[PDB]
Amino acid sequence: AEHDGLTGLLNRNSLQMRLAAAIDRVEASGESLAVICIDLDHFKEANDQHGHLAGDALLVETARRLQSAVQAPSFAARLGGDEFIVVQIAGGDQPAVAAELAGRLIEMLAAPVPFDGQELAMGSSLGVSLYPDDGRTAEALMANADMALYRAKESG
C-alpha cells in the first residue's frame, strides 16, 4: 500500500501524504523543502533493445542508488515508468542546498548498470521545485517539478 512493489521506494500515494506533512513541518520549523523530479535518459532504449526486464533492472538500480543517498527526513518515490521523485528537507540557503543535492543525484545516476552480461546506459534529467515559491501544496509542487523536468529536458 505505501511502497512501490518493483523498487521498494514510496509510491505516488505515500509520496503525496508525506509531502503534505512535510509542508506543515517546514512551515513551522523554517527548514527548506524541495521537490526533485527525475527521469532516465535511456529507459526506452533499454526496453526496445533488450526487453522489459532491462528497463526494470534500470529502475531497481536507480532505486538502490536513491536509497543510498536519500536519508530521513528526506524521501524518495517512484511514480510509474522511469519517473522518480525526491523530497529534500534540509537547512540553510534553499536554492543552493537543493542545487547541491540535484548535482549529486545526476552524478550518482550517470554510471551504467550491468544486465545479462551487458551494460545498460543510465543518465538522468531532473527538475526542481522549491517551497513555497513553486507551490504551497503537495500537488502544486508535484506539478511544478514535472514542468521543471520538461524545461530541463528541452534546455539540458
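Each residue number is its position in the shown sequence, starting from 1.
- When the C-alpha B-factors of 106-114 and 86-94 are averaged, 86-94 comes out higher.
- Look at the mean CA B-factor for 2-10 and for 145-153 in the entry; the higher one is 145-153.
- Residue set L126, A69, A63, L33: peak C-alpha B-factor at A69 (per PDB entry).
- Ranked against the other modelled residues of its chain, the C-alpha B-factor of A99 as given in the entry falls in the highest third.
- Sort the modelled residues of the chain by CA B factor and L59 lands in the lowest third.
- Sort the chain's modelled residues by C-alpha temperature factor and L40 lands in the lowest third, per the entry.
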